[PDB]
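Trainee: Just query.pdb, nothing more (PDB, C-alpha atoms):
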```pdb
ATOM      1  CA  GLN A   1     244.481   8.639 128.997
ATOM      2  CA  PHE A   2     243.551   8.976 132.652
ATOM      3  CA  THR A   3     243.429   6.352 135.436
ATOM      4  CA  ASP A   4     241.368   5.654 138.579
ATOM      5  CA  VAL A   5     244.262   4.405 140.757
ATOM      6  CA  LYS A   6     246.303   6.228 143.432
ATOM      7  CA  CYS A   7     249.564   7.838 142.215
ATOM      8  CA  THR A   8     252.465   9.541 144.029
ATOM      9  CA  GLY A   9     253.991  11.514 141.146
ATOM     10  CA  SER A  10     254.848  10.874 137.490
ATOM     11  CA  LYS A  11     257.380   8.158 138.417
ATOM     12  CA  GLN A  12     254.711   5.900 139.954
ATOM     13  CA  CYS A  13     252.357   6.745 137.073
ATOM     14  CA  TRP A  14     254.829   5.509 134.436
ATOM     15  CA  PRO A  15     254.656   1.721 135.333
ATOM     16  CA  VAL A  16     251.006   2.137 136.386
ATOM     17  CA  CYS A  17     250.093   3.439 132.921
ATOM     18  CA  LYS A  18     252.380   0.842 131.269
ATOM     19  CA  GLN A  19     250.202  -1.732 133.045
ATOM     20  CA  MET A  20     246.765  -0.157 132.517
ATOM     21  CA  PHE A  21     247.121   1.082 128.931
ATOM     22  CA  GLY A  22     250.745   0.591 127.782
ATOM     23  CA  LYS A  23     252.144   4.137 127.637
ATOM     24  CA  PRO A  24     255.151   3.773 130.003
ATOM     25  CA  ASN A  25     255.352   7.533 130.556
ATOM     26  CA  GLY A  26     252.890   9.906 132.150
ATOM     27  CA  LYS A  27     252.255  12.191 135.114
ATOM     28  CA  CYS A  28     250.206  12.230 138.339
ATOM     29  CA  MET A  29     247.331  14.632 139.104
ATOM     30  CA  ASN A  30     246.146  15.149 142.691
ATOM     31  CA  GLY A  31     245.874  11.369 143.125
ATOM     32  CA  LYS A  32     245.399   9.755 139.689
ATOM     33  CA  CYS A  33     247.821   8.882 136.948
ATOM     34  CA  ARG A  34     247.909  10.418 133.476
ATOM     35  CA  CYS A  35     249.467   8.840 130.390
ATOM     36  CA  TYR A  36     251.320  10.337 127.421
ATOM     37  CA  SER A  37     251.512   9.574 123.670
TER      38      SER A  37
END
```
Would you kindly transcribe this structure into C-alpha cells?
Mentor:
Amino acid sequence: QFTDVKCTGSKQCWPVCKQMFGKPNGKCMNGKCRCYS
C-alpha cells in the first residue's frame, strides 16, 4: 500500500513501511512511501 509520511527514496521507505504495514520493502514516490508484496 501507500503511505502519508515523507520519504527520501526506497531505502527510507523500507523501514517506514515495515513500521506502518509490515512489508519491509517498497519504494518512494515524490514524497510518500510505497510498499511491496
Trainee: Can you translate the PyMOL selection byres ((chain A and resi 24) around 12) into the concrete residues it hits in this file, as a PyMOL selection string?
Mentor: chain A and resi 1+10-23+25-27+33-37
Trainee: Select all residues near (244.6, 7.5, 141.4) (cut-off 6 Å, inclusive, file coordinates), counting only C-alpha atoms, and output them as a PyMOL selection string.
Mentor: chain A and resi 4-7+31-33
Trainee: Padding of 6 Å on every side, edges along x, y and z, all listed atoms of stretch 20-27 of chain A included: what centre and edge lengths in Å, to one decimal, does that box have, as AutoDock Vina command-line options?
Mentor:
```
--center_x 251.1 --center_y 6.0 --center_z 131.4 --size_x 20.6 --size_y 24.3 --size_z 19.5
```
